[PDB]
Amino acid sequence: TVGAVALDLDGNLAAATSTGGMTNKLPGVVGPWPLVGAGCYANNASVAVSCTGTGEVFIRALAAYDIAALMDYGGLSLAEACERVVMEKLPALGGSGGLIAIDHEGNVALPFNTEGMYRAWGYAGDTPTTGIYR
């Protein structure tokens, strides 16, 4: 799985995700990646999110939309909503993974509960940041 989220100069959010699924997957399995609200979500009112990890858990937890709803309805910060979903709710269902998120104020979060997540980010006009490990 791969993904991207962005906030543009006009204040618009967008998200995308693409994958091959899991090595040795049972043919016909659909994970959260092509599912709006599970693998991918964007709403200018709140956040743009793209997810990666244990597919069935991100569907059950509606992880991408849950970030949005925790912020919009719960009043959580982006960082608190990410901590809640990735470090608490996903492991409680037996899930491993992470996500990338940008809110409408341009806060960015790249939470993950795995050993690694290939990731990078950067503000327009600035040097990018990259990572693999924790």
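Don't overthink the numbering: it's just position in the shown sequence, from 1.
Q: Mean CA temperature factor from the deposited coordinates, higher in 40-48 or in 91-99?
A: The entry gives the higher C-alpha B-factor average to 91-99.
Q: Averaged over C-alpha atoms, is the B-factor higher for 82-90 or for 59-67 in this PDB entry?
A: Higher mean C-alpha B-factor: 82-90.
Q: Please rank the C-alpha B-factors of the chain's modelled residues and tell me whether residue 110 sits in the lowest, middle or highest third.
A: For residue 110, whose C-alpha B-factor we compare with every modelled residue in the chain, the answer is the middle third.
Q: Ordered by C-alpha B-factor within the chain, which third holds residue 12? Give me lowest, middle or highest, please.
A: Ranked within chain, residue 12 CA B lands in the middle tercile.
Q: Taking the chain's C-alpha temperature factors as the reference, tell me which third residue 29 falls into: lowest, middle or highest.
A: Its C-alpha B-factor, which the entry lists for residue 29, ranks in the lowest third among residues of this chain.
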